[PDB]
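One structure is given here, and the rest of the page talks about it.
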Amino acid sequence: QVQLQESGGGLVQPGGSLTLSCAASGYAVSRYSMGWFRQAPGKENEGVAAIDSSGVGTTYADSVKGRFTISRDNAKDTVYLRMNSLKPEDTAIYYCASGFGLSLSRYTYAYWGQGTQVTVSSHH
Amino acid sequence: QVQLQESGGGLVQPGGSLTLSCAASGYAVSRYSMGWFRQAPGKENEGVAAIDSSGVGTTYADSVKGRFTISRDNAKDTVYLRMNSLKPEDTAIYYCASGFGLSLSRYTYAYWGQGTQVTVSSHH
Amino acid sequence: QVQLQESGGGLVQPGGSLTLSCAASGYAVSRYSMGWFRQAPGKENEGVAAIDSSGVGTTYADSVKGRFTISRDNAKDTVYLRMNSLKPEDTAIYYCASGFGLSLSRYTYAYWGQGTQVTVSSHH
Amino acid sequence: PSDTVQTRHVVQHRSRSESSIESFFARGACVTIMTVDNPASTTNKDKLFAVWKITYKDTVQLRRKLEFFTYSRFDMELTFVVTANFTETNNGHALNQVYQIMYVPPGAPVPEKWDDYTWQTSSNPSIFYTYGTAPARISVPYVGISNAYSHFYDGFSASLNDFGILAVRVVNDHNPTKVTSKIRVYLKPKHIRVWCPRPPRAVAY
Amino acid sequence: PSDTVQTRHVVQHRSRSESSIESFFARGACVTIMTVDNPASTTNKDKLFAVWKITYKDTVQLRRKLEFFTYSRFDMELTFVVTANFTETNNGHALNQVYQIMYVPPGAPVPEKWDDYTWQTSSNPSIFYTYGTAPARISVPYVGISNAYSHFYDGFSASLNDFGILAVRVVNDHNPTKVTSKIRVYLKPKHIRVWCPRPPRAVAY
Amino acid sequence: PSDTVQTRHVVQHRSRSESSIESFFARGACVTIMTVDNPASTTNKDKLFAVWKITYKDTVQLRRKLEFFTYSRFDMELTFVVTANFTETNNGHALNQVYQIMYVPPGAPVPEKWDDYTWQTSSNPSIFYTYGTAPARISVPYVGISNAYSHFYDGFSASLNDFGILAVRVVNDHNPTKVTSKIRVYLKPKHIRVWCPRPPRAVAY
Amino acid sequence: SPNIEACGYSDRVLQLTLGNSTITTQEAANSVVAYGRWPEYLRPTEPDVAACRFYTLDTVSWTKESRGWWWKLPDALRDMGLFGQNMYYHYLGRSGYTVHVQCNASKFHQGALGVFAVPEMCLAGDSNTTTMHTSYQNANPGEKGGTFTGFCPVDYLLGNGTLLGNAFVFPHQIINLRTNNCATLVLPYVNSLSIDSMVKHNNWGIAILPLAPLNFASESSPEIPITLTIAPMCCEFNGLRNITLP
Amino acid sequence: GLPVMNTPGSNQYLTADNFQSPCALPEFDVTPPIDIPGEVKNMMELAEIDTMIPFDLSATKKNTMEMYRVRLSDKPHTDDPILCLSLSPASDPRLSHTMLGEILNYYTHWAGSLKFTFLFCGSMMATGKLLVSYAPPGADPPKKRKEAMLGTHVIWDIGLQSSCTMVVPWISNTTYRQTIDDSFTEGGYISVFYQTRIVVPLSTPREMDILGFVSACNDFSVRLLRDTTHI
Amino acid sequence: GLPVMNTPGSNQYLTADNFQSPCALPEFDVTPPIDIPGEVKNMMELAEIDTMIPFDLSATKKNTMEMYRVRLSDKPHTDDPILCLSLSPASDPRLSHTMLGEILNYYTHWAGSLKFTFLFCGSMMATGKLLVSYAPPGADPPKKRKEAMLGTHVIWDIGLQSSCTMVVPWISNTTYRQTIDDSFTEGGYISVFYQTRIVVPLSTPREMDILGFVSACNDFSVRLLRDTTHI
Amino acid sequence: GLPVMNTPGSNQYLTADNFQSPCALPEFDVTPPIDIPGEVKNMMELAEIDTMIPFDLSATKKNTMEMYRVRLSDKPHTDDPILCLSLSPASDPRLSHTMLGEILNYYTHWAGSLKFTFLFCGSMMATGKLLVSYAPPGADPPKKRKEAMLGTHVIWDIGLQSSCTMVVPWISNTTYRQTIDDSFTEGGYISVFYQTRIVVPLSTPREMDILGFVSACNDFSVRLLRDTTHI
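Residue numbers (the working numbering), protein chains in the order written: chain A, 1062 to 1185; chain B, 1062 to 1185; chain C, 1062 to 1185; chain D, 17 to 221; chain E, 17 to 221; chain F, 17 to 221; chain G, 1108 to 1353; chain H, 2 to 232; chain I, 2 to 232; chain J, 2 to 232.
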């Protein structure tokens, strides 16, 4: 049993620069690439960011690219996705997964996260 | 090793209604029928009362019958012989045994009690 | 691992009657004979005293003889060499060893002591 | 070496003996724990007897394994490791005890009171086990009324098959020092054969 | 009986089968312990991946045994008992995880960041191990560049032989509850043959 | 099936190999525990040597088993698992020790003082066991003076048979740090044959 | 073990005349060879039919309180003419025994007498660290024989710490009154050696215990008798010594 | 030197191994063996000899020599059996003191048949009919005559044949049954009932005794050598 | 009686022994067997039948019936594989829910080949070329087309044959590989890439699905019966 | 699909199993083997080559190269042997550092013979007679010449043959002897005594040395692979 606990998911407002984090149980980070997928409200899941901490090979989605930054720790075995300049479309439920991989693709993944929604909505 | 501890044996006086009791170690009561045998002073052993708690099938000796009541517990796994209206002949050393059985017979028994004498003698 | 701890080694002065002692670990004394060998300063090792506590068969060196007394315990499993009337030549580093044996010979020994020097020198 | 055509597979068997049906199930597993006693006390609960209906359905280990198929025939071997001890904190004593274990063929009278006639049974097989020796053993062959035991029976009339009932009690009479005993039952299905293979039950039972 | 001539010895063999080369080394021994994880946290230390260079030299048990010779050829079988557990003291949950184990043939690019292209490898063999099942196993045959692996190489150009590298990571993405896992590696050299026999290394390594 | 005639029995053997005499006794059991030492101290008690007379009579396990018969012949194999440790609570040191174990054939001089001539013995077999290696082993064949060992000898002249004596001591000299060692002796009677079968001794010995 | 059913009453009287002796056996059939081995000759001095004739010991009385009886061989026969002499005049002697125990009672007596022949029967002395114990005389009752009890052998323990219910492992026959009157036991020479010192070491032990109690109809003979007839089979000794006339 | 390789297992002493070790006495003339009558080959051959079953293990009669005398009393035609023996070797105290039982305390499994013999020791003239019955495994011990009379049973005649044999078969579920009290897997039930009653001539003692003997059959076998010795 | 000897092992019950025990039911007429179609002989024969691999075990799609539909999207020519399966039985969660996987949870070792089938379920008229590739043990999973294209691979044509088979061989170090997650001994890597891309006639749904089936080959075997059942 | 059945043992990894696993590298051309001289087949063949026994393991001389030179001194005719070696492999520290000893630290049992060689390294002209004696198992090591002279012994002549061989037989109780220090089951006793004394020509060094070599014989065998490796 490999555990990936999806933490750092909370309400931001159009232009937010929040960060997500997930630990690696049962295995060493470098043995599995690490990624993210978002279930857009009423839509199919879309690949967002994925890299393998082994040698760190960065890969981003077309929309997401530049703004978001995928980084990995091998000491605490954590993935830090710096979700910079969050926009209204980016109001989706994220999930951290370990792949092989080494990037964005519906399949090619093994263990999945529980669930966390980063709402990018400016409200009072 | 199956243990049957013979307790409740003490001096009564012609017409006594004492009770005996024995626990079941190593086995479940219903696996073995339960009985009693008395060594009459200077005589051979005589069957007194025996039943199997499985479905409770009562059987008494010719002399003993009516007066004495054999009952069994499956929770504490104990046999309760209500020795009612004790008479002068009933001044014997009782012993509790597990059979098969399901009644009074010298043999047909496995584990035996240690010893206890219920003296039915009216004295001052 | 058999342990023989060489204790009781200290500076005496021409005519000293000191005593050495060694315990038996891993084996019972009677299974191995017990002896001593001295490394005379700048010389080869010489057999001094050896006996097997099994039946106690005493054997001494030509120089050493009479004066020194080899004795053995089977309760504490110790060898007590009473080095009586110590002389200037007897200024050597002793070592306790278990043999087979049953006496003085460079080889024929198994487990060896660490080291202890009994200096037989009259000084101020 | 590195080859990907579309053949059948590649070669022929490579030895699979220990995976065969007979060796798959040839491992005895606990099926239940029956607790008895010899109460001098009138404990009409544990009251000597303890009856258990012979069903695999109680233990998981043996269950899933048997569920991989829909039908089966199996000569059933049972083993009885009987252990005892004194209950009360007392230096009380006892003589070695003899337990009677009864196998009752499917569709017979089930014993209640440790007493009753059904404990004599001119027909029902029994085993008198003296304590402190090698555990007792009896083999009840395929006692199915059909041509196979139906693991999953579809339709109407759950009484899966009925492999019988086991009743255990102490034979010795009421000892002053009450003795408890646990009767472990082991079941090695032997000469087993199976039929239609279902997908394994994934979940919890 | 009591005889001392000077013959050769006395008689002929008396059965020595279990002492043969094949049965001497036919015992798998731990070779390393690789620790991974699935950090939602940016732990660029353990960061998913963990790479270990396949060398016997790390463990003593297998080392001395292999040192009794100077040369050897051995088809190498590896086993992967993977165990996991949650780190943080929390009632956090996780779905069963899938680990990717990669064998990389000697003289290839060694993976760094758990990310990078070298994790896709159109050539390097890999094993996707779903957790909670029988441990994974692959056999890498004699991958020596010479005619034998040189246990003690004399001369100049220590990179003894190079049996490859193993990289393990979690495939699943970042789970809120961080899961650690240790990947035990076992190595049973099979079909082993050896050459010149040296005296055994007495000391500490 | 259910049949009760009065035949002989029913059928012919059904395999009983592991119950045969050779396999009944083919299990080595402890026979004694001899404690030695290397005292720099004059402990004329444990004083290096420890002598034990070779008798099964000391241990129960092997005794009852041998009592099921009246006569026997058996080639006797002995094994010596020797273990040590330091006594005193001190960071004292020692070099690996060598123990001498002596088998002395029945009817010879029994060694007393660890010293005496009887420890050289131009005839008595001995085994020098260096510590930290596989335990030592010697096989003393049927050393009976009769045609069988008499388990229960009836009549007059208890010295049952006399299988000899074992003497163990340390060979190394007096080490500053006193080392204790226990010599476990195992006895596998091999090629055993037995005669008249008595009822088993029920009680305590 | 001895589950036989000859006839029941009496059929024929076949008499065994070996030399000067003459027994008239109940029949003769129903004989048990110990371990299925006949007394042979060492594979010496062979006194044949002179030292191979039936000597009859004391006839003991079986009563309602009898716990049993036991004898020793050769011991019992040490006071019997020729065989007795040959026992005290040699250092070596190996000889088998045809123990023929006959017991007569009426068709109104009931009981079971089991004859157990125990090889090397050492009697009661939980002193493992030392058997023999009881002096030569306390161990050798001779022709008269010693008795079991409820020099003190406990009957249920066959007088040696082993339940009588197992005794049936030794060669034996059960004289069960309602069946046979006779019991036949041929015991071949059993000893750790080839030949031995008869005076010291006791090769056999005939022990007759009561399996079922005696019960005579209303009023009859308060007790019946049991006879032991023994005969040395294939006897050899080496070698005379100064016919040490007493 | 021949290139060798020390595999895992060296320098270990297996208490149940089988290797050849240096013989501490070269050329010792061993006294040759002789045919002392009574050589044994296997343990299962000691069980092949009947031993007397201690039926009565009651308080006073246990441990005394009366634990073998089964007394047919002067009581009525009570269907309660005159003796019921549980054929559950270790799970029943009585069958564990027999020789056949002793061997079964040195193993874990047993297969094959067991035979019961009944030697009647009653006043020649005396007659009667008893009913020795067996109830196969699992089924409850027969309590009434009729009941038992329907299962496997022999109607043994006192007046005709003194010794009665009844061979209990091997109607077992598995291929090997237990010798442990884990569960009371009730095997068979040897049961003796008063078919008729005892008839005695004149005034001969109205209470005579019987003996029971149990043994193994040629097809009887055991496995897995285990033990239990104490202090 | 035959001189026997109780060796160590008596009175012990071995849970994996094989002895013959007394049959509790003598002469019970057993209902004879009939040829009910579907007799099985060995477990390794259940694996010899393909089972559908649950490729998508994502948060929402795991446990639902969509965990089998592999959807070829309307995305670009990103070399990131359209599916990579780790051929590491227990060290990869996906291959452990297959029938072939279930049997491998009852052992410790496995040898032989495993074959992969891909049944394309796309609008008849629709065509394209995919590249199913395998990378032998140890080597890192191929991430770019070209890379994978150099290892063992089949260029499966959608338009021509619907079902694609690729037999993954037995290129293993030892003689028996593990079924435990001790280490991630990465075995093979079944990888599917877009060789060309999907071409659709007219306006037929541009996202159709594929199914994957895994099974054992005749040379596939297992050993050392172990288990894990819980509560 | 073929009806199969998962028996107990599945999903278990036996560290000493023997199964066939998928070969991670299909068709890898393996460099063929060549006859590099010195192929080994079994470990017991490394013992079949003599190794030098470190006789002197005394304080100063242990660990130095002098632990092999056995010096015949210029001492008297003291019957105390000039060397006694305990033939108790693990229970005697000296025989455990030999190659033959090393292999015996990887097992538990050993059988067969062991042979001793003595290469005298003394000034050609120099002569004398020594007495190499062996005392069988159990019997106490011979302390006086005469004593040893009665047991198995060879009177080796310095002047005639330089190398002396004495094969110690296999006079053992059991079929396999131990390699553990549980008890000091004293096996043999290789003992060397001064039969005569050394005679030297002119003034050649009066203290020359000897070497001892021990090895296994063709009938030597071992069993039960055990080990002990530390940190």
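Using N, Cα and C, we set each Cβ at its ideal position, and we do this for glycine too.
| Quick one: does residue 225 of chain D have its CB under 8 Å from some CB of chain B? | The structure shown does not extend to residue 225 of chain D, since chain D spans only 17 to 221, so no value can be given for it.
| So is G/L1180 in contact with chain F if we call contact Cβ pairs under 8 Å? | no
| Which residue spans inside the region 1062-1103 of chain B form an unbroken beta strand (DSSP E) run of at least 3? | 1080-1084 and 1094-1100
| query | Considering H/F194, what are the terminal residues of the beta strand (DSSP E) in which it resides? | reply | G189 to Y195
| message | Distance cutoff 8 Å, beta carbons only. Does J/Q21 sit that close to anything in chain D? | response | yes
| query | Taking the alpha-carbon positions, what's the H/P143 to H/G152 distance? | reply | 9 Å
| request: Please name the residue, chosen from E/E38, E/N101, E/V47 and E/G44, that lies closest to A/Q1064 on a Cα-to-Cα basis. | output: E/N101
| Going along the region 1104-1121 of chain B in order, which residues come within less than 9 Å of chain D, judged by CB to CB distance? | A1111, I1112, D1113, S1114, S1115, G1116, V1117, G1118, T1119 and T1120
| task | State the start and end residues of the unbroken alpha helix (DSSP H) segment that holds J/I104. | result | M100 to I104
| task | Could you please tell me which residues of the region 119-151 of chain H, in chain order, have their CB closer than 7 Å to any CB of chain F? | result | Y135 and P137
| task | Spell out whether any CB of chain I is found under 8 Å from the CB atom of F/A164. | result | no
| For the putative contact between E/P141 and I/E187, defined by C-beta atoms under 8 Å, what is the C-beta separation to the nearest angstrom? | 6 Å
| Residues of its chain near G/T1256, where Cβ-Cβ distance is below 8 Å and the 5 sequence neighbours each way are ignored | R1174 and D1262
| task | Give the interface partners of I/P94 over in chain A, defined as CB-CB distance under 7 Å, in chain order. | result | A1171 and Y1172
| Given that H/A60 touches chain B, what residues does it touch there, using C-beta distances under 9 Å? | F1098, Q1100, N1106, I1154, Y1156, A1158, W1173, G1174, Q1175 and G1176
| By the criterion of Cβ-Cβ separation under 8 Å, what are the contact partners of D/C212 in chain J? | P4
| task | Say whether chain E places a C-beta atom closer than 8 Å to the C-beta of A/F1161. | result | yes
| task | For G/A1324, name the three-state secondary structure that DSSP assigns. | result | coil
| message | Assuming contact is defined by CB atoms lying nearer than 8 Å, are E/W135 and A/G1096 in contact in what I supplied? | response | no
| request: Could you spell out the range, first to last residue, of the alpha helix (DSSP H) harbouring G/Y1243? | output: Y1243 to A1246
| query | Does DSSP classify I/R95 as helix, strand or coil? | reply | helix
| said: Residues in the same chain with beta-carbon distance under 7 Å from J/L58, minus the five sequence neighbours each way, listed in chain order, please. | reply: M68, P94 and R95
| message | Counting only Cβ pairs nearer than 7 Å, list the residues of chain I close to D/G44. | response | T16
| message | Using a Cβ-Cβ distance cut-off of 8 Å, determine whether E/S33 contacts chain H. | response | no
| So is A/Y1088 buried or exposed if we call it buried at 16+ other beta carbons inside 10 Å? | buried
| Partner residues on chain F for J/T52, Cβ-Cβ distance less than 8 Å | Per Cβ cutoff of 8 Å: no residues; J/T52 is ~14 Å from chain F at best.
| message | Suppose contacts are defined by Cβ-Cβ distances below 8 Å. Is F/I117 in contact with F/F90 by that definition? | response | no
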